[PDB]
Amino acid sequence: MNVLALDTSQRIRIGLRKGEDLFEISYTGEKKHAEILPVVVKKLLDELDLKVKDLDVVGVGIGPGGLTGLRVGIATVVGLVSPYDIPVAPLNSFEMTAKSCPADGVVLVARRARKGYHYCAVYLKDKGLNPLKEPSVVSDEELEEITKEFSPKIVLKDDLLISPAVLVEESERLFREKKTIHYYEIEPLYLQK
């Protein structure tokens, strides 16, 4: 199974698998230096003797996150896959954050949007990931009400670990479950929700 997965909702997270062999790469900081990543990735593809043509699925994160980062990551994936119609797995960044956490139980994912607001979701992670409150934007006051309502055992605020390995595992699962879509269908239903 050949997989490439990319999330740009906060940092740059890239995951590359060919069979039992997985590279993971992250970058955070000033944008000037992210330039080196395509080069780096090409080198890793060359090492694995993998051509973009041979990928079974490409995973991309659809947010919630920063607009700029997300449109860059998505346009990148849309373009890479376009010539060969490689199935795309749209990945929920909040769900990738939850599953990147090795503990189980009631989890609350939040992250700053402007001034006095946050994006926010809560999941029961005891199977399983099972949504109790789907991601949306809330005031800080409502955030406290929500926390006080779900007494989450685990809470992942602001600086979110996403594991590229989980991205890759998640693209694989969507592929197998026939829940991937075509590159031309990622605008329409990244708008609608």
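In case it trips you up, residue 1 is the first one in the sequence shown, and so on.
> Higher average CA B factor in the deposited record is what I'm after, so tell me if that's 120-128 or 133-141.
Stretch with the higher mean C-alpha B-factor: 120-128.
> Where does the C-alpha B-factor of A110 rank in its chain, lowest, middle or highest third?
Its C-alpha B-factor, which the entry lists for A110, ranks in the middle third among residues of this chain.
> Taking the values exactly as deposited, rank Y183 by C-alpha B-factor within its chain and report the matching third: lowest, middle or highest.
For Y183, the deposited C-alpha B-factor lands in the middle third.
> Can you tell me which third, lowest, middle or highest, the CA B-factor of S163 falls into for its chain?
Answer is highest: the recorded C-alpha B-factor places it there.
> Would you mind ranking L45 by its C-alpha B-factor against the rest of the chain and naming the third, lowest, middle or highest?
Highest third - that is where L45 ends up once the chain's C-alpha B-factors are sorted.
> Taking the chain's C-alpha temperature factors as the reference, tell me which third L189 falls into: lowest, middle or highest.
CA B-factor rank for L189: highest third.
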